[PDB]
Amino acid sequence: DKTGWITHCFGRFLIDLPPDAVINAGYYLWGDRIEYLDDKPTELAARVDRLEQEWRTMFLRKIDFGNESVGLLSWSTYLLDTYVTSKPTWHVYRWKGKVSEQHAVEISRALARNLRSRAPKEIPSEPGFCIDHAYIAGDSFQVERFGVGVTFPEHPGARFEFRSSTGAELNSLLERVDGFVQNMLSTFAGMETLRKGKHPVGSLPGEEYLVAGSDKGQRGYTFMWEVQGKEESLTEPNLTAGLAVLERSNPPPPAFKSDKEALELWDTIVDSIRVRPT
């Protein structure tokens, strides 16, 4: 029942979500956030001038990365505050992190070359990591990560989460939580396991663990899905999806009509996860 559902790009991946989904996302490159700013060109130049004035009231150097892109180098190790623009369509991103130097400038430079704009409804055919209104073009390895939070107007109290992060996790999902869940199940008769095992989606080898419980007049859920990931892989990073309904204060309206409804939403979203074909 995917009427009106929208395919979204996050990082290297696509996922389908219902049309009324409320979505929040963060993106991280070599461990630091890359943040969309709505600055126009003169507003960006004014922002940079203000920051330089303030750092003088500590400051070291202003660096041209080329493409109307610039970074400010100060003391925090340095602090490199990079402002980078997408092409062809103008959008500004801030990318700020600590630096112990020539290597970081080169990374900022490559970012300024590689950052491409994308239209709102566009799924790029070129390789790259999608962020807000843009994508970092290429398919050479880089440390990259995102997280997406999602709420659903028709399911109060429900939250869904989708994340990728390069590098293998040190354990798998079933290894990580099975003892914990078993202790829960033997403590609380309202607690059950709905499903435990594997949930592949195409080539993505997801482990899956779905629990639910009833108490205080409410029914809560914690659904978990994880690809452990491989080292230095863009397309099989650590990858997770989760859906939770936790305690809400007063008896509040159910998040779902039944476990089956909850499981159908879950499966429909999870089965839509795939590497973006490029």
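Heads up: residue numbers just count along the shown sequence, starting at 1.
Novice: Can you say how many deposited residues have no coordinates in the span between residue 76 and residue 77, choosing none, 1 to 3, 4 to 9, or 10 or more?
Specialist: Per the deposited record, the segment joining residue 76 and residue 77 lacks coordinates for 4 to 9 residues.
Novice: In terms of residues present in the deposited sequence but not modelled, what lies between residue 250 and residue 251: none, 1 to 3, 4 to 9, or 10 or more?
Specialist: The entry has a gap there, with 4 to 9 residues left out between residue 250 and residue 251.
Novice: Between 40 to 48 and 219 to 227, which has the higher average C-alpha B-factor in the PDB entry?
Specialist: The stretch with the larger mean CA B-factor is 40 to 48.
Novice: Tell me which stretch has the larger mean Cα B-factor in this entry, 105 to 113 or 182 to 190.
Specialist: Here the higher of the two C-alpha B-factor means belongs to 105 to 113.
Novice: Say you rank 240, 214, 233, 69 by Cα B-factor from the PDB entry; which sits at the top?
Specialist: If I rank 240, 214, 233, 69 by C-alpha B-factor, first place goes to 69.
Novice: According to the deposited entry, which of 30, 209, 27, 59 has the largest Cα B-factor?
Specialist: Most elevated C-alpha B-factor of the set, per the entry: 59.
Novice: Once the chain's modelled residues are ordered by C-alpha B factor and cut into thirds, is residue 140 in the lowest, middle or highest one?
Specialist: It falls in the top third of the chain.
Novice: In terms of the chain's CA B-factor thirds, is residue 63 lowest, middle or highest?
Specialist: Its C-alpha B-factor belongs to the highest third of this chain's values.
Novice: Mind checking which third residue 261 falls in for C-alpha B-factor across the chain?
Specialist: Middle third by C-alpha B-factor.
Novice: Sort the modelled residues of this chain by their C-alpha B factor and say whether residue 198 lands in the lowest, middle or highest third.
Specialist: It belongs to the lowest third of the chain when residues are ordered by C-alpha B-factor.
Novice: Ordered by C-alpha B-factor within the chain, which third holds residue 159? Give me lowest, middle or highest, please.
Specialist: Middle third of the chain for residue 159's C-alpha B-factor.
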